[PDB]
Amino acid sequence: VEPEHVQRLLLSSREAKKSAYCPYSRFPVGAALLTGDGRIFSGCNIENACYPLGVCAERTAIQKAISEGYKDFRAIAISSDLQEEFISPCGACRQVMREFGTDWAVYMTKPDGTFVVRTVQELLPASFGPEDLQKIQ
Amino acid sequence: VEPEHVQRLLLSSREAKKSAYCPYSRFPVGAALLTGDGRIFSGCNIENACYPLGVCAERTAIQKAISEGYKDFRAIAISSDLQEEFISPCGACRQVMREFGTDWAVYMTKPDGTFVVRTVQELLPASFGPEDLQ
Amino acid sequence: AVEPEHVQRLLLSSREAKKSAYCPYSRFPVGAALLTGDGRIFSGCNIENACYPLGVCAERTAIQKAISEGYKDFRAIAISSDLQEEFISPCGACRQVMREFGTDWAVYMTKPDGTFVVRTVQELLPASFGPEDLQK
Amino acid sequence: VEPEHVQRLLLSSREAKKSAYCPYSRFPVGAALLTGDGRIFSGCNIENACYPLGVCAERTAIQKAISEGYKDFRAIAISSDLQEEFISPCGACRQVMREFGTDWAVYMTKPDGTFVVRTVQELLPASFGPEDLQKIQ
Ligand SMILES: O=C1C=CN([C@@H]2O[C@H](CO)[C@@H](O)[C@H]2O)C(=O)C1
Ligand SMILES: O=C1C=CN([C@@H]2O[C@H](CO)[C@@H](O)[C@H]2O)C(=O)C1
Ligand SMILES: O=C1C=CN([C@@H]2O[C@H](CO)[C@@H](O)[C@H]2O)C(=O)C1
Ligand SMILES: O=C1C=CN([C@@H]2O[C@H](CO)[C@@H](O)[C@H]2O)C(=O)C1
Ligand SMILES: [Zn+2]
Ligand SMILES: [Zn+2]
Ligand SMILES: [Zn+2]
Ligand SMILES: [Zn+2]
């Protein structure tokens, strides 16, 4: 029913959630990042005794990709155990997503397979970015 | 919000920028928060040798306000030295703002005094929030 | 060292600061108070977020408050929590922020009964990364 | 001459530095993490226009490992272009390392291959950790 790449995205994010390290919130989250060439990098939240030091599924996935040399992203899907709410990315992840482009898709899903799609631009209007430090020239 | 407050808020934000500790970016930023009862808490960005450990002006101000017992905010103004564009809050700050409501105002200014106003909701659509964990 | 008077003021201040803690997620309130060179005290408490990574520790709330007011000379900082049988220790992120402003100052890790362990920033963060590494 | 695992760590850390996304500080850092079963996970610092949203090499590597299901870490090496100074992990990274043990090694290096090794414990004494949050005490 859904395009093949969307199927891959949803399945990978749901699978990625199994590796979540969240003994404090018991709120497992998984993510699957799709690059331009078709490769997928997965991620999950990894908390810390000192809450502020944890990391979200999206950034774990984006950080993995970049460390591997991939900066061209097409889309990223997110999965959680919230059955009645589309899992949405926090502002911090939106900012990191934005560092690598505003024109890519974020699939906010539910366990049943349903989802909402918004671009990074829509998720982060009038975004602060590289231009602020006059880095685009 | 009362224009009397808006002005005091905008000035406080620029004044706060003078304390900025940003020897790495050399991009100082100030912010001023207005609570529901008219009290104003300001803040500035404080960087660190290891970049990830720095903090933004908005959060410095919000964190200050909360530590003083205030959690009901009406607006927050931001000021920087960037001439070409209105200084807007990074996603992390938008998420901290959201933690305490989506209906308040964010004043994104330019050094000359002009600005654009947007609510926390408009800056962080379809947000993740407290209700996700309740 | 630091006079028992300032230490008591720091101690009472951190404990009092802990009352404002915003921590509905962990329900682990923490308070902190730092002493500047001129004797002024600034306090803070942890402030969490629905998305855990966006919270902040009590020490950084205090330090950032101090700096925002123009103070960057610290003599000592005291931390307090509800942990009965354990001295509350600052996390690594806070130690690194403390280090940005010196390594020779004192950190007081306390218990709810007033007992404490004191260590310098240098001792809590040895062979540290710092501003000097970016100059060279 | 160093033990094979040390050579691998040193070399991987050096190679991972090439993927560093650090246009703001222009200070590239690489890290390599050795797990108990011998697998190595690399990472690099990934900055953001808004400085606070950046991530260090050590955590990029640790998060990669955990996302893949590895929590038993044996050692991690760090590399930078700092010629006459062993690159040291920031306090934030030492806290993340500590979440997964205090008794493993950290190799702080220089480009010439020389290094200083300390355990997580020595780099983060009287640390705050998971047990401080245990329900019963
Ligand atoms: O969309 C997202 C919302 C939240 N989280 C993670 O969920 C836990 C609770 O905030 C934390 O571990 C937090 O990082 C994500 O990883 C993604
Ligand atoms: O030494 C300290 C240890 C932890 N914390 C705070 O405690 C909660 C649980 O990690 C989080 O809110 C965390 O920030 C401090 O504020 C100080
Ligand atoms: O809206 C804002 C944009 C950026 N910053 C700060 O500016 C520096 C460059 O990213 C960093 O110190 C960053 O924290 C703020 O304080 C507020
Ligand atoms: O040991 C380390 C010290 C610093 N960093 C990174 O170097 C840049 C300067 O703070 C930042 O990008 C910072 O994250 C590392 O990744 C490792
Ligand atoms: Zn996030
Ligand atoms: Zn910010
Ligand atoms: Zn801390
Ligand atoms: Zn680090």
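Order of listing sets the numbers, starting from 1, for every ligand and every atom in it. Chain letters run A, B, ... following the sequence lines, proteins first, then strands; residues in each count from 1.
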Which residue supplies the protein heavy atom nearest to atom 12 (O) of ligand 3, what is that atom called, and how far is it? B:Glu47 OE2, 2.6 Å

A:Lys135 and A:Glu99 ion-paired at < 4.0 Å: no

protein heavy-atom neighbour closest to atom 5 (N) of ligand 3 works out as B:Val29 CG2, 3.9 Å

Which atoms of ligand 2 are found less than 4.0 Å from any heavy atom of A:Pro52? 13 (C), 14 (O)

Nearest non-hydrogen atom to atom 3 (C) of ligand 2 belongs to which of A:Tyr51, C:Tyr52, C:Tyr25, D:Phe128? D:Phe128

Please answer whether the main-chain N or O of A:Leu123 pairs with a side-chain N or O of A:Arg94 as donor and acceptor at a distance below 3.5 Å. yes

Answer with yes or no whether C:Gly55 contacts ligand 2, where contact means a heavy atom under 4.0 Å from a ligand atom. no

For atom 17 (C) of ligand 3, grab the closest protein heavy atom and report residue, atom and distance to one decimal in Å. B:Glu58 OE1, 3.1 Å

May I ask you to check whether over 12 heavy atoms, not counting those of B:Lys71, lie within 6.0 Å of atom NZ? no

Greater than 12 external heavy atoms within 6.0 Å of B:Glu84's CD: yes

Can you tell me if, anywhere in D:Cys56, an N/O/S atom lies at a distance from the Zn ion (ligand 8) that is smaller than 2.8 Å? yes

Okay, side chain of B:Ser12, backbone of B:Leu9: is any donor-acceptor separation there less than 3.5 Å? no

Of the backbone atoms (N, CA, C, O) and the side-chain heavy atoms from C-beta on, which set of C:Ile88 has a member under 4.0 Å from an atom of ligand 2: side chain, backbone, both, or neither? side chain

I'd like the name of whichever of D:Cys50, B:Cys56, B:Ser88, B:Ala92 reaches closest to atom 1 (O) of ligand 3 through any heavy atom. B:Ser88

Quiz question: by atom type and distance under 3.5 Å, do the side chains of A:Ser25 and A:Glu47 form a donor-acceptor pair? yes

When distances are taken from atom 16 (O) of ligand 3, the protein heavy atom at minimum range is B:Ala57 N, 3.0 Å

Starting from atom 10 (O) of ligand 3, locate the nearest protein heavy atom and write down its residue, its atom name and how far away it is, to 0.1 Å. D:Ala49 O, 2.7 Å

Quick one: are the ring centres of C:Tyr25 and A:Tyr51 less than 6.0 Å apart? no

Of D:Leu133, C:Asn46, C:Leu83, A:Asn48, the one whose closest heavy atom lies nearest atom 6 (C) of ligand 2 is C:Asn46

Using a 4.0 Å heavy-atom cut-off, say whether B:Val55 meets ligand 3 through its side chain, its backbone, both or neither. backbone

Nearest to atom 7 (O) of ligand 3, what protein heavy atom do you find, and at what distance? B:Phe27 CD2, 3.5 Å

Just by distance, with hydrogens left out, do D:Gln134 and D:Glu131 show a side-chain donor and acceptor under 3.5 Å apart? no

Parallel, tilted or perpendicular: which describes the rings of D:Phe73 and D:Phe100, with under 30° parallel and over 60° perpendicular? perpendicular

